[PDB]
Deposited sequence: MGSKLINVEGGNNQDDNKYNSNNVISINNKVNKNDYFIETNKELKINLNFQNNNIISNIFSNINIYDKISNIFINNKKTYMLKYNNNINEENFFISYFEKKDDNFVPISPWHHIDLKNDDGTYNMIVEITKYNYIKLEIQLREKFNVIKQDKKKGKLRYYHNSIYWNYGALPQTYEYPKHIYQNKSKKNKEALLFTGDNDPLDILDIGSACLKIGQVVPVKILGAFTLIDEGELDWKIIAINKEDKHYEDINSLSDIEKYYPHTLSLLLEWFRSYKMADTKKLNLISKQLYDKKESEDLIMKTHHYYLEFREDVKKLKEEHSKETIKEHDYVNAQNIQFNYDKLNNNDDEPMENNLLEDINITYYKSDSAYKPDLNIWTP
């Protein structure tokens, strides 16, 4: 029972209400603990370690080298772009779910774990309406500075690039799904740019008919308006403030050029990390209107030695 220091109390019994149903009745996972799939003519495996809502639950990925399954990182070792020309997204939250999973950059082999707020396992406030994940071999490296009295400076989220599937079908937790890029939008808070890639599943019923942000409204109306407003508000119950979203949306080609730049950023972090371990081991309403452009590469920036890299 929750004690409100007011005379009306709250019983807090979870057997008479639909909270548990609301959150978990849309879970979409692989059938078995160890699950083998084939991506880009190669064979890999996803392993569910421990149980959901446990504080050391993680999703491990392996590759079949010979007769054995060797451990791999989904950030480093799964191919960003397929031979088809499509990209692989790593589904971390399935459609309609609330469980805030993330690829842990600071964990060995970058396993997928649940985020933790205030010391407690994090759940979304609202049900997300799209399959949500990250692109491999991408990185919003904060070494690079963006710009717009005197200018305002912006950096990256310091995590891999976020990606959205507007597909109808609910994907699975941890699944690697080939996806086609459609566009992108940006969240600008805390002074850093958090890019969100909008993409469509390879196997969606309208894959070939949708090729830009404007083709969606003909087959899946309002996903673009809903997408922005969802990310605008999804934390309003705790922050009591709306997130800032730039008025400028990227088209399909501006988004594919974004994925590459962040891949090159990823290949500069990995270089900076090897050099650094031989060195010392051997209102704001029109703040949304601004147009942001590259500025300079801070050479006083030191890469995070906490993030695991092979």
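- In this chain the deposited sequence has gaps in the coordinates at 1 to 36, 185 to 189, 324 to 352, listed in sequence order.
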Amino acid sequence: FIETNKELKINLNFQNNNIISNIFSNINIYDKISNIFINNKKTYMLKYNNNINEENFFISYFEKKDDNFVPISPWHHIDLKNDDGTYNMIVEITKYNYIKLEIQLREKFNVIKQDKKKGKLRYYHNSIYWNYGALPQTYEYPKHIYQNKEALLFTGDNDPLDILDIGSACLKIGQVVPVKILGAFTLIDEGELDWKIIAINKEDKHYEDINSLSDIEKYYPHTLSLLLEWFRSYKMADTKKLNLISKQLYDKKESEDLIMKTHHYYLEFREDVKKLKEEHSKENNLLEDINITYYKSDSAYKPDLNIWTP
From here on, numbers count along this sequence of modelled residues.
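- Just going by the entry, 207 to 215 versus 128 to 136 on mean CA temperature factor gives the higher value to 207 to 215.
- Look at the C-alpha B-factors of 149 to 157 and of 232 to 240. On average they run higher in 149 to 157.
- Split the chain's modelled residues into thirds by C-alpha temperature factor. Residue 118 is in the highest one.
- Looking at the C-alpha B-factors along this chain, the one for residue 142 belongs to the middle third.
- In the deposited entry, the Cα temperature factor of residue 41 places it in the highest third of its chain's modelled residues.
- In the deposited entry, the Cα temperature factor of residue 16 sits in the top third of values across the chain's modelled residues.
- Split the chain's modelled residues into thirds by C-alpha temperature factor. Residue 247 is in the highest one.
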